[PDB]
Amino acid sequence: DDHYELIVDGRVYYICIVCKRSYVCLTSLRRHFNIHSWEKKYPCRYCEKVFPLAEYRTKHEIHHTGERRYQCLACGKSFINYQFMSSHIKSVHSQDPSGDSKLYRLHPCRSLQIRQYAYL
């Protein structure tokens, strides 16, 4: 439980006492600070292998599962994550997923128990 604040013309920043990275949101600092702290543990439910960040465990765990939640809408081809989905659409369809319109679908996560977004 420590960090320090830094104020530049209005904007407040939060600096990590250990490694001194900056953060616009205290939330993000707390989440990061664990890398040092290890106050919380996020063990994989499939191997004895532990993560310092919830989300780090999640992508690891979807990986065990093989679920392919990202679907290219141009051709139906599915993918395990954003990164591979985006490489596909860019290199095969010469389009940018972040650009302007929806080129993919992100299916709800069905293969394990995580939070489920009412918009997904």
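In this text, rigid core is short for the largest set of C-alphas that superpose within 1.5 Å between two forms. Don't overthink the numbering: it's just position in the shown sequence, from 1.
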{"query": "In 5 other deposited structures of this protein, rigid core aligned: more displaced of 46 to 54 and 60 to 68 by C-alpha RMS", "finding": "46 to 54"}
{"query": "Of 8 to 16 and 93 to 101, the one with larger mean CA B-factor", "finding": "8 to 16"}
{"query": "Higher-scoring stretch by recorded Cα B factor average, 103 to 111 or 18 to 26", "finding": "18 to 26"}
{"query": "Candidate set 31, 63, 68, 40 [ranked by C-alpha B-factor, highest]", "finding": "40"}
{"query": "Options 53, 74, 47, 80 - largest CA temperature factor per the record", "finding": "47"}
